[PDB]
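**Student:** with the input below, show me the fold.
(chains A and B, ligands or ions: 1)
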There are 2 protein chains.
Amino acid sequence: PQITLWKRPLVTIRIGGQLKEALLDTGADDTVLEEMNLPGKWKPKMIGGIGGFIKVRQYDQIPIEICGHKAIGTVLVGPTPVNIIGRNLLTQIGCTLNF
Amino acid sequence: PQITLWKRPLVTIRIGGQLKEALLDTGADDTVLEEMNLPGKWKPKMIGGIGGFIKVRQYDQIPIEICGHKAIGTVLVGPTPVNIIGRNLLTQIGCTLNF
Ligand SMILES: O=C(N[C@@H](Cc1ccccc1)[C@H](O)CN(CC1CCCCC1)S(=O)(=O)c1ccc2ncsc2c1)c1cccc(O)c1
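**Tutor:** Residues are numbered from 1 along each chain as shown, chains lettered A, B, ... in the order given. Below, you will see the structure:
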């Protein structure tokens, strides 16, 4: 598909039994999801942006479905105000910027 | 051009005869540049990111050439970690997400 940028590029993603709306975000190195109690091992991390840093939990090899495309990779979980699909997954679903 | 996402989508911009590197950031509503001098009136504004809110200076109708494409729009100046091109100017240069 082609997604214009008049509005926020929000799309439906699925992670287990949760469907969520998430930004397709070319500015995000990593994928950051709102607080959720995912199973398995994780490692603490701090990530920075406008305003400063937040503390997140890094989960590896988590399958995520983004607009029906399959991805699997690292997901950071913490008190972000918006679900963010970062470049680590955007590349996997074939996402480019075009102008 | 078509820009893939295995690397950060950094591009050269021209603003006030100065060249700068900026990130094409679909997750950003606004264009936000690191501290710099720009001519004219500005308005104080506050914006929010992943780590909270910051104070910026809002400049309107500022020309920027992004990777050869002309925009004229709102540019916020403040303590962003990195120069970012947001949706307000991404739309002006005809940028879309594709997969
Ligand atoms: O900060 C914004 N946008 C955010 C997304 C956003 C939207 C709305 C609310 C909060 C955040 C960015 O697109 C992604 N961030 C990465 C940062 C951006 C700042 C400087 C460079 C790198 S980010 O969110 O801070 C971010 C994301 C992934 C990641 N992985 C490793 S470090 C890291 C940082 C934003 C949103 C709306 C208006 C606005 O003026 C700015």
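**Student:** okay, CA-based contacts and neighbour counts for the rest of this
**Tutor:** Will do.
**Student:** which stretch of helix or strand covers the residue lying closest to residue A:12 once chain neighbours are set aside?
**Tutor:** Spatial nearest neighbour of residue A:12, excluding adjacent residues (CA to CA, 6 or more residues apart in numbering or on different chains): residue A:21 at 4.7 Å. Using DSSP states H and E, residue A:21 sits in strand A:18-24.
**Student:** tell me how far the residue nearest to residue A:12 lies from the ligand.
**Tutor:** 13 Å (CA to the nearest ligand atom, to the nearest Å).
**Student:** surely that residue meets residue A:11?
**Tutor:** Yes - the criterion here is CA atoms under 8 Å, and residue A:21 meets it with residue A:11 at 5.4 Å.
**Student:** among those two, which residue is more densely surrounded?
**Tutor:** residue A:21 (18 against 15; other CA atoms under 10 Å in any protein chain shown).
**Student:** how near is the more buried one to residue A:14?
**Tutor:** Distance from residue A:21 to residue A:14, counting by CA to CA, to the nearest Å: 9 Å.
**Student:** quick check: residue A:93 is in a helix.
**Tutor:** No - counting by DSSP: H, G, I helix; E, B strand; the rest coil, residue A:93 is not found in a helix; it is coil.
**Student:** residues near it, how many?
**Tutor:** As a burial measure, residue A:93 scores 19 neighbours (other CA under 10 Å).
**Student:** is it true that residue A:89 lies in a helix?
**Tutor:** Yes - residue state for residue A:89 (three-state DSSP) corresponds to a helix.
**Student:** isn't it up against residue A:28?
**Tutor:** No - the pair residue A:89 / residue A:28 is not scored as a contact, 10.2 Å apart, by CA under 8 Å.
**Student:** more neighbours: those two, which one.
**Tutor:** residue A:89 (25 against 21).
**Student:** any figure for the gap between the more buried one and the ligand?
**Tutor:** 11 Å.
**Student:** kindly report the same for residue A:28.
**Tutor:** 4 Å.
**Student:** who's in contact with that residue?
**Tutor:** A:84, A:85, A:86, A:87, B:25, B:27 (CA atoms under 8 Å, 6 or more residues apart in numbering or on different chains).
**Student:** do stretch A:57-70 and chain B meet?
**Tutor:** No - using CA under 8 Å from any CA of the partner chain, we find that stretch A:57-70 stays clear of chain B, coming within 9.6 Å at best.
**Student:** for that stretch, buried residues please.
**Tutor:** When burial is assessed from 16 or more other CA atoms under 10 Å in any protein chain shown, stretch A:57-70 yields the following buried residues: A:57, A:58, A:59, A:64, A:65, A:66.
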